[PDB]
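Quick heads-up: it's one chain on its own, the form deposited in one PDB entry, in structure tokens.
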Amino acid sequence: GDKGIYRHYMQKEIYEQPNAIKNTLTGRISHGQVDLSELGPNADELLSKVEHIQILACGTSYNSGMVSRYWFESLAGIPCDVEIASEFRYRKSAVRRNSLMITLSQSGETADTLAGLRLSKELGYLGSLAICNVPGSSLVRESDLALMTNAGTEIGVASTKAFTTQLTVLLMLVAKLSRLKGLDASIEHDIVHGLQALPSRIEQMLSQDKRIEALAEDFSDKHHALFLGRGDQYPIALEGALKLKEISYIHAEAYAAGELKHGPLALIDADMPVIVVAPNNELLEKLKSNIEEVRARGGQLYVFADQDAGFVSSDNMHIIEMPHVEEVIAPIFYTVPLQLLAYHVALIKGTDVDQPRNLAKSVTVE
């Protein structure tokens, strides 16, 4: 509700991430294990029956659900599908056996999300779980179960702490289910350690702010941007492109890194910088070769990478080294630099960061 020393609520909300994550973790971690005994006593009975997870959401909330799909399939071994809420509500879907329905929403009032929830009641889902940041909102009220993110009020029109806290809460849910399915307890312990390290990995990332401010200068006069990512980082490229669209009004688009050659490579020139989010060596090798093909048009590659990968900048390949981080929380960590990049580009251009043109905090009407 107040900015304090910050210039914008969105800036304040980015900087509040360490603390918002600490608050979402509070009480759910008990003895190196996840404690979701707030869902009620019957909770475990339901969760244990789940054979499929369906997530519905819109905007930035869809981006978090997409990250979580990688986590649910690889860590808890449970099949997961994520769908844009507006798409789900207008089509005839095939219901999955013992499917749990999860809705993600900062506001809990998004019309298409609520609509998908309700429709789901008539379709045979085992039950519904709402992950939301606003207590007692419609989605919270009509869902069977609810896990609040507890990030505090988010005023900026573009979501920041609500996204990182949603990813934290989904990661807790992945841990709990890996357990109920009786998977190696190592899986839950790695997640819990990663989560315990999270708040200071982010304070660690906030300290590179001046380096991101400097990079923003290179993007401030561009009209296009391409964000690339593979696996759990693909959705982070999605959120990064969305943030550049939202507050800087640059036509930034995200693409799966393996698809660069199937289309977008023909577009790359000096006016369309390419950003890659945490690639491994094998992926970097491929992308370096692709950017070489567009060197005559001035294509440049900007790479956010772990210092430990030992990558070196070249003339059209710029490594932006980042502190090493635990693999499980990497997608949450790499979001921060992309939130700050969009914020600094907006500050240079002087655009309305807290109320970007034509956008709204929650679309509560159809």
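Residues carry their position along the shown sequence, with the first being 1. Under this definition, the rigid core comprises the largest set of C-alpha atoms superposing within 1.5 Å between the forms.
As recorded in the PDB entry, 209 to 217 is the stretch of 209 to 217 and 254 to 262 with the greater mean C-alpha temperature factor. For the segment pair 136 to 144 and 187 to 195, the entry gives 136 to 144 the higher mean B-factor, averaged over Cα atoms. Within the listed group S248, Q204, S105, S86, the record reports its top CA B-factor for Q204. Of all the options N316, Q339, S48, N63, the entry's greatest CA B-factor is assigned to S48. In the PDB entry, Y70 places in the middle third of its chain by CA B-factor. Sorting the modelled residues of the chain by their CA temperature factor places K349 in the lowest third. In the PDB entry, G127 places in the highest third of its chain by CA B-factor.
Annotation for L114: CA B-factor lies in the highest third of the chain's modelled residues. Ranked by C-alpha B-factor against the other modelled residues of its chain, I21 falls in the middle third.
Although it is not shown, the form deposited in another entry is what the next lines describe.
For the residue set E285, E259, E122, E217, core-aligned C-alpha shifts between the shown form and the other one reach 2 angstroms or more at a single site, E285. A movement of the C-alpha atom of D315 reaching 2 angstroms or beyond is seen between the shown form and the other one when the two forms are aligned on their rigid core. Once both forms are overlaid on the rigid core, the distance between the two CA positions of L226 between the shown form and the other one is under 2 angstroms. If you fit the rigid core between the shown form and the other one, you'll see the Cα of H31 move by less than 2 angstroms. Compared with the form shown here, the Cα atoms of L283 and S68 sit 3 Å or more closer together in the other form.
In the other form, the CA atoms of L265 and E285 move farther apart by at least 3 angstroms compared with the shown structure.
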